[PDB]
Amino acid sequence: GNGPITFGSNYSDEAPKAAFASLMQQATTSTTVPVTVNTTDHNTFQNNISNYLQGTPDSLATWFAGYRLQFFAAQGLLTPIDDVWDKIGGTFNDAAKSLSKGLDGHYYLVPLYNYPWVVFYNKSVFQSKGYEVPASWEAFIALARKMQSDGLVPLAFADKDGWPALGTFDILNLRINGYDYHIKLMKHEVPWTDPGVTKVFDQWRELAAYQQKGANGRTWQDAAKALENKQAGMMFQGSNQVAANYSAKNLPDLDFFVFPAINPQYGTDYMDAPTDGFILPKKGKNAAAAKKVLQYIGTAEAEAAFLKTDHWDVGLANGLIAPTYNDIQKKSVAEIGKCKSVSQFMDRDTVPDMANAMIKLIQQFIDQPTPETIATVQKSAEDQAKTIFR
């Protein structure tokens, strides 16, 4: 199993595309397996994952862990990878293992890295403008009002990509309602008409007046650019996005704080911290060689190689002393590890059709964040949920 492999990739942005290419360079060197990467625009790759897997997919592919893995593993679209994990199993922890498995208990994913969803800011700006890190909702709101009166956009905000605003719902839910409630909702074991969801949208109505206007017309990269260019005070997203988008020259000025506490019952106990990894499509060619590349991917060595170029994510291997780490990465390890539990992200944690319904409903909330809209959102979400989860 040394013959050439094909690798489908959603790393279409410059910085993560380059990081992946560097991993494949090293993967070919050590395994001997020639690899040809086929890249597709990020969103359209996940938007067409079904036809992709059912058609003539590549030997291996970039994908996501948790429910977003299970949903397509359940369809028989993926080759199980228990043989690979027999070799690499000792390298990963229980949390990474359960995220890597289908509903059937079998492995389908090799994971590579983790990252946090947190509020990013520029240290020099907080310093020079006398902004203090906010521990609580009230302090957060006060700070955003101070930014506003300073002539700044308080929170840079983008939702043209559809998924980014799901992160705000997640974190509001996790802060107000907690983790167990959030996963219930994702599994539709609690309805979208539930008063806890109303509370989420109600909190968001206060937050919305400090979020960048025109957000439904904005790519997340342009939001991250406004932060990096100091036109905005902070931005809530994943480090995989914001810190990958920063110049390497500017990255040392980047820092974050976890989303402030709202409800003392849940403090800052929880966050979204997505794991990314790789699958082996059932209809891909050369599975023998592909597993050899996967076995390599699932090592500390490979994660270290990878993190010489990726400076924004955090490796998952147990022994990992990949000493490249900057301050963003170190704080990521610590703050993630502090959480009692970590969810993935809405579109990774629920049925894709349900996430797609929410993506649109939340865009419509962004444009008209009134109690009227919130009522329609809950009823529409709950109606579509009853169909999807039947």
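Note that residue numbering follows the sequence shown and begins at 1.
The PDB entry records a higher mean C-alpha B factor for 121 to 129 than for its counterpart among 268 to 276 and 121 to 129. In this entry, 88 to 96 shows the higher mean Cα temperature factor of the pair 71 to 79 and 88 to 96. When the C-alpha B-factors of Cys339, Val333, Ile359, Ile49 are ranked from the entry, the top spot goes to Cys339. Out of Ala317, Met234, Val258, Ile176, the entry records its largest CA B-factor for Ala317.
In this PDB entry, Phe45 carries a Cα temperature factor that places it within the lowest third of its chain's modelled residues. Sort the modelled residues of the chain by CA B factor and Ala355 lands in the middle third. Compared with the other modelled residues of the chain, the Cα B-factor recorded for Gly284 ranks in the highest third. In this PDB entry, the Cα temperature factor of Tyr325 sits in the top third of its chain's modelled residues, the highest group.
The entry lists a Cα temperature factor for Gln363 that places it in the middle third of the chain's modelled residues.
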